[PDB]
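Colleague: Sharing entry32.txt here; it has compact mmCIF, C-alpha atoms.
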# COMPACT_ATOMS: atom_id res chain seq x y z
CA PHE J 2360 -28.95 -8.72 -112.37
CA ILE J 2361 -26.51 -10.22 -109.85
CA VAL J 2362 -29.27 -12.46 -108.49
CA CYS J 2363 -29.61 -13.88 -111.97
CA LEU J 2364 -25.85 -14.32 -112.01
CA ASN J 2365 -25.85 -16.57 -108.97
CA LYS J 2366 -29.25 -18.20 -109.53
CA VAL J 2367 -27.69 -19.50 -112.71
CA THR J 2368 -24.30 -19.93 -111.05
CA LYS J 2369 -25.26 -22.30 -108.20
CA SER J 2370 -25.34 -25.36 -110.47
CA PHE J 2371 -21.88 -25.62 -111.91
CA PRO J 2372 -18.72 -23.54 -111.51
CA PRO J 2373 -18.40 -21.68 -108.39
CA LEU J 2374 -15.76 -19.62 -110.23
CA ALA J 2375 -14.09 -17.67 -107.43
CA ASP J 2376 -12.87 -14.56 -109.29
CA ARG J 2377 -15.70 -13.62 -111.62
CA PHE J 2378 -18.76 -13.49 -109.42
CA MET J 2379 -17.02 -13.82 -106.06
CA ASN J 2380 -15.54 -10.36 -106.47
CA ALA J 2381 -18.94 -8.96 -107.45
CA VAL J 2382 -21.04 -10.51 -104.67
CA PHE J 2383 -18.20 -9.79 -102.18
CA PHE J 2384 -19.27 -6.12 -102.06
CA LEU J 2385 -22.58 -6.15 -103.96
CA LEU J 2386 -24.31 -8.76 -101.79
CA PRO J 2387 -23.60 -6.88 -98.54
CA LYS J 2388 -25.49 -3.81 -99.77
CA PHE J 2389 -28.64 -5.75 -100.66
CA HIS J 2390 -27.93 -7.78 -97.56
CA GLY J 2391 -28.98 -4.49 -95.98
CA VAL J 2392 -32.46 -5.70 -96.99
CA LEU J 2393 -32.60 -9.40 -95.84
CA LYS J 2394 -34.99 -10.38 -98.66
CA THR J 2395 -34.30 -11.58 -102.18
CA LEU J 2396 -30.63 -10.84 -102.86
CA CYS J 2397 -29.53 -11.22 -99.26
CA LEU J 2398 -31.84 -14.14 -98.54
CA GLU J 2399 -31.06 -15.99 -101.78
CA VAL J 2400 -27.99 -14.60 -103.52
CA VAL J 2401 -25.97 -14.32 -100.30
CA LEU J 2402 -26.64 -18.03 -99.74
CA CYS J 2403 -25.80 -19.10 -103.28
CA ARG J 2404 -22.56 -17.20 -102.95
CA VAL J 2405 -21.35 -18.52 -99.61
CA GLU J 2406 -22.16 -22.12 -100.46
CA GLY J 2407 -20.62 -21.94 -103.94
CA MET J 2408 -17.59 -20.36 -102.22
CA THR J 2409 -15.84 -23.07 -100.18
CA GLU J 2410 -12.26 -22.17 -99.23
CA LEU J 2411 -12.03 -18.68 -100.74
CA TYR J 2412 -13.64 -15.77 -98.85
CA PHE J 2413 -12.64 -17.32 -95.51
CA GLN J 2414 -11.10 -13.96 -94.61
CA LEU J 2415 -14.14 -11.71 -95.09
CA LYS J 2416 -15.97 -14.65 -93.54
CA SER J 2417 -14.09 -14.48 -90.24
CA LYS J 2418 -15.51 -11.01 -89.44
CA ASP J 2419 -18.32 -10.26 -91.89
CA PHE J 2420 -20.00 -13.58 -91.17
CA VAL J 2421 -20.25 -12.77 -87.45
CA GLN J 2422 -21.56 -9.33 -88.45
CA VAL J 2423 -24.44 -11.09 -90.22
CA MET J 2424 -25.17 -14.59 -88.78
CA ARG J 2425 -27.09 -13.32 -85.72
CA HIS J 2426 -28.75 -11.07 -88.30
CA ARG J 2427 -30.44 -14.28 -89.46
CA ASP J 2428 -33.26 -14.66 -87.01
CA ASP J 2429 -34.37 -16.94 -89.86
CA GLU J 2430 -32.31 -20.05 -89.15
CA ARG J 2431 -33.62 -21.69 -92.33
CA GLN J 2432 -32.34 -18.60 -94.11
CA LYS J 2433 -29.15 -19.26 -92.12
CA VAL J 2434 -28.60 -22.89 -93.18
CA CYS J 2435 -26.00 -21.45 -95.55
CA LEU J 2436 -24.31 -20.23 -92.36
CA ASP J 2437 -24.31 -23.62 -90.68
CA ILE J 2438 -22.92 -25.10 -93.91
CA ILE J 2439 -20.69 -22.02 -94.13
CA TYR J 2440 -19.01 -22.88 -90.89
CA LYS J 2441 -17.01 -25.48 -92.84
CA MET J 2442 -14.10 -23.16 -91.92
CA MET J 2443 -13.32 -25.76 -89.30
CA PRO J 2444 -9.78 -25.91 -90.81
CA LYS J 2445 -9.21 -22.15 -91.22
CA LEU J 2446 -9.52 -19.33 -88.63
CA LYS J 2447 -7.58 -21.49 -86.13
CA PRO J 2448 -6.84 -18.62 -83.64
CA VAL J 2449 -9.38 -16.94 -81.35
CA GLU J 2450 -11.67 -16.31 -84.33
CA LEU J 2451 -12.68 -19.99 -84.70
CA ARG J 2452 -13.44 -20.05 -80.96
CA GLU J 2453 -15.52 -16.86 -80.92
CA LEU J 2454 -17.29 -17.87 -84.16
CA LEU J 2455 -18.13 -21.23 -82.56
CA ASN J 2456 -19.78 -19.31 -79.74
CA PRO J 2457 -22.82 -17.81 -81.58
CA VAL J 2458 -23.43 -21.20 -83.27
CA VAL J 2459 -24.18 -22.74 -79.89
CA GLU J 2460 -25.79 -19.41 -79.05
CA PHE J 2461 -28.37 -19.43 -81.82
CA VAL J 2462 -29.47 -23.03 -81.25
CA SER J 2463 -30.57 -22.26 -77.69
CA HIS J 2464 -33.59 -20.67 -79.49
CA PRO J 2465 -34.78 -21.98 -82.87
CA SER J 2466 -36.43 -24.97 -84.46
CA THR J 2467 -34.41 -28.11 -84.96
CA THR J 2468 -33.46 -27.97 -88.66
CA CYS J 2469 -30.24 -26.05 -87.93
CA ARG J 2470 -29.37 -28.47 -85.08
CA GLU J 2471 -28.37 -31.21 -87.58
CA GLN J 2472 -25.49 -29.16 -88.94
CA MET J 2473 -24.63 -27.53 -85.62
CA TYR J 2474 -24.18 -30.97 -84.10
CA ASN J 2475 -22.42 -32.76 -86.97
CA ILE J 2476 -19.84 -30.07 -87.57
CA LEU J 2477 -19.13 -29.94 -83.82
CA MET J 2478 -18.89 -33.75 -83.92
CA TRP J 2479 -16.37 -33.93 -86.78
CA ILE J 2480 -14.03 -31.15 -85.73
CA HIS J 2481 -14.43 -31.56 -81.98
CA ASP J 2482 -14.23 -35.36 -82.33
CA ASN J 2483 -11.21 -34.74 -84.57
CA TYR J 2484 -9.57 -32.33 -82.07
CA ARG J 2485 -10.64 -34.76 -79.31
CA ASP J 2486 -7.71 -36.48 -77.69
CA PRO J 2487 -7.98 -38.45 -74.41
CA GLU J 2488 -6.90 -35.77 -71.89
CA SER J 2489 -3.78 -35.08 -74.01
CA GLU J 2490 -4.72 -31.37 -74.38
CA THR J 2491 -2.98 -28.79 -76.60
CA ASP J 2492 -3.02 -25.33 -75.05
CA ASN J 2493 -4.70 -23.20 -72.40
CA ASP J 2494 -6.80 -21.13 -74.86
CA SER J 2495 -8.14 -23.88 -77.14
CA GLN J 2496 -8.97 -26.10 -74.15
CA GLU J 2497 -11.58 -23.53 -73.03
CA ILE J 2498 -13.03 -24.10 -76.50
CA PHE J 2499 -13.02 -27.85 -76.01
CA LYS J 2500 -14.85 -27.51 -72.68
CA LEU J 2501 -17.45 -25.23 -74.28
CA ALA J 2502 -17.92 -27.88 -76.99
CA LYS J 2503 -18.59 -30.36 -74.20
CA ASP J 2504 -21.34 -27.98 -72.98
CA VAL J 2505 -22.65 -28.09 -76.53
CA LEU J 2506 -22.80 -31.78 -77.38
CA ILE J 2507 -23.99 -32.39 -73.82
Represent the structure from my file as structure tokens, please.
Modeller:
Amino acid sequence: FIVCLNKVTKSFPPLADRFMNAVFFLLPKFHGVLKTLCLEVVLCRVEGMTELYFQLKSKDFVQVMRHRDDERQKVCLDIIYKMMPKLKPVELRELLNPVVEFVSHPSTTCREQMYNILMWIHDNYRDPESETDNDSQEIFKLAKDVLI
């Protein structure tokens, strides 16, 4: 029933409260499967989401993500990592790490998003040697390993 709820839902509202609550807990259980409701309804959720759910994202998403040996199934997770604004502390850094980590393996379809998101937020954090901090700079260097 919930798969119907999002399969309809994708087109129009993403109304945070009404389904977001439901799929929040419901879609993990069937995510225990990786087909159908995970595969599909998990995606329709996270994309419809946007800025809400960033919290359960910052930990639950790293619980899954690697879970997606299917990168195509994981495109929702490349698009999901539009949390470039949020999760500013160590979480953003660590979450950046398996992104780079899964592309040293797959096809190339996920590379488009991997790259571009790294390009916008790294290019946006990119100052000419001006720096910021000692913990986010290690990020920035890693990102150099990436783009390079």
Colleague: Find the spatial neighbours of residue J:2501, counting all atoms listed in the file, within a cut-off of 12 Å - ignore same-chain residues fewer than 5 positions away - and output them as a ChimeraX atom specification.
Modeller: /J:2452-2453,2455-2460,2477,2481,2494-2496,2506-2507
Colleague: Rank nothing, just name the residue among J:2436, J:2505, J:2454, J:2362 nearest to residue J:2408, using all atoms listed in the file.
Modeller: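 Looking only at the distances to residue J:2408, the closest residue turns out to be J:2436.
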Colleague: One decimal, Å: what's the distance from atom CA of residue J:2423 over to atom CA of residue J:2403, could you say?
Modeller: 15.4 Å
Colleague: How many Å separate atom CA of residue J:2498 from atom CA of residue J:2428?
Modeller: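 Separation between atom CA of residue J:2498 and atom CA of residue J:2428: 24.7 Å.
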Colleague: Rank J:2390, J:2433, J:2404, J:2426 by their smallest atom-to-atom distance to residue J:2469, using all atoms listed in the file, and report the top residue only.
Modeller: J:2433
Colleague: What is the atom CA of residue J:2467-atom CA of residue J:2427 distance in Å, reported with one decimal?
Modeller: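 Interatomic distance, atom CA of residue J:2467 to atom CA of residue J:2427: 15.1 Å.
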Colleague: Taking N, CA, C and O atoms as the atom set, what does stretch 2403-2420 of chain J look like once completed, written as a tab-separated table (two decimals), keeping the file's coordinate frame?
Modeller:
chain	number	residue	atom	x	y	z
J	2403	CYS	N	-26.38	-18.42	-102.13
J	2403	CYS	CA	-25.80	-19.10	-103.28
J	2403	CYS	C	-24.31	-18.81	-103.37
J	2403	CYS	O	-23.50	-19.70	-103.67
J	2404	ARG	N	-23.95	-17.58	-103.06
J	2404	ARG	CA	-22.56	-17.20	-102.95
J	2404	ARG	C	-21.87	-18.09	-101.93
J	2404	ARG	O	-21.14	-19.01	-102.31
J	2405	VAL	N	-22.18	-17.92	-100.65
J	2405	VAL	CA	-21.35	-18.52	-99.61
J	2405	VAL	C	-21.20	-20.02	-99.81
J	2405	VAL	O	-20.12	-20.58	-99.63
J	2406	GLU	N	-22.28	-20.69	-100.20
J	2406	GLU	CA	-22.16	-22.12	-100.46
J	2406	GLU	C	-21.25	-22.39	-101.65
J	2406	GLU	O	-20.34	-23.22	-101.56
J	2407	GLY	N	-21.50	-21.72	-102.80
J	2407	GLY	CA	-20.62	-21.94	-103.94
J	2407	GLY	C	-19.17	-21.71	-103.56
J	2407	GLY	O	-18.28	-22.39	-104.06
J	2408	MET	N	-18.93	-20.80	-102.63
J	2408	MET	CA	-17.59	-20.36	-102.22
J	2408	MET	C	-16.56	-21.44	-101.91
J	2408	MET	O	-15.57	-21.60	-102.64
J	2409	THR	N	-16.79	-22.14	-100.80
J	2409	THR	CA	-15.84	-23.07	-100.18
J	2409	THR	C	-14.65	-22.33	-99.56
J	2409	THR	O	-14.85	-21.46	-98.72
J	2410	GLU	N	-13.42	-22.64	-99.99
J	2410	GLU	CA	-12.26	-22.17	-99.23
J	2410	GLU	C	-11.90	-20.71	-99.47
J	2410	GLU	O	-11.26	-20.09	-98.60
J	2411	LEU	N	-12.24	-20.12	-100.62
J	2411	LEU	CA	-12.03	-18.68	-100.74
J	2411	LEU	C	-13.08	-17.95	-99.92
J	2411	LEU	O	-14.13	-18.51	-99.56
J	2412	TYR	N	-12.78	-16.70	-99.58
J	2412	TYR	CA	-13.64	-15.77	-98.85
J	2412	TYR	C	-13.58	-16.08	-97.36
J	2412	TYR	O	-14.27	-15.42	-96.58
J	2413	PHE	N	-12.72	-17.01	-96.94
J	2413	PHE	CA	-12.64	-17.32	-95.51
J	2413	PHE	C	-12.28	-16.08	-94.71
J	2413	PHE	O	-12.71	-15.93	-93.55
J	2414	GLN	N	-11.51	-15.17	-95.31
J	2414	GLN	CA	-11.10	-13.96	-94.61
J	2414	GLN	C	-12.30	-13.07	-94.30
J	2414	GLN	O	-12.62	-12.83	-93.13
J	2415	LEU	N	-12.98	-12.56	-95.34
J	2415	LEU	CA	-14.14	-11.71	-95.09
J	2415	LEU	C	-15.21	-12.47	-94.32
J	2415	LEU	O	-16.10	-11.87	-93.70
J	2416	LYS	N	-15.14	-13.79	-94.38
J	2416	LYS	CA	-15.97	-14.65	-93.54
J	2416	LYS	C	-15.70	-14.42	-92.06
J	2416	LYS	O	-16.64	-14.28	-91.26
J	2417	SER	N	-14.42	-14.41	-91.66
J	2417	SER	CA	-14.09	-14.48	-90.24
J	2417	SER	C	-14.62	-13.29	-89.45
J	2417	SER	O	-14.69	-13.37	-88.21
J	2418	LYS	N	-14.96	-12.19	-90.11
J	2418	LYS	CA	-15.51	-11.01	-89.44
J	2418	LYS	C	-16.88	-10.64	-89.97
J	2418	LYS	O	-17.81	-10.37	-89.19
J	2419	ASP	N	-17.04	-10.61	-91.29
J	2419	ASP	CA	-18.32	-10.26	-91.89
J	2419	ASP	C	-19.39	-11.27	-91.54
J	2419	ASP	O	-20.56	-10.92	-91.32
J	2420	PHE	N	-19.01	-12.55	-91.46
J	2420	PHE	CA	-20.00	-13.58	-91.17
J	2420	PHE	C	-20.57	-13.42	-89.76
J	2420	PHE	O	-21.75	-13.68	-89.52
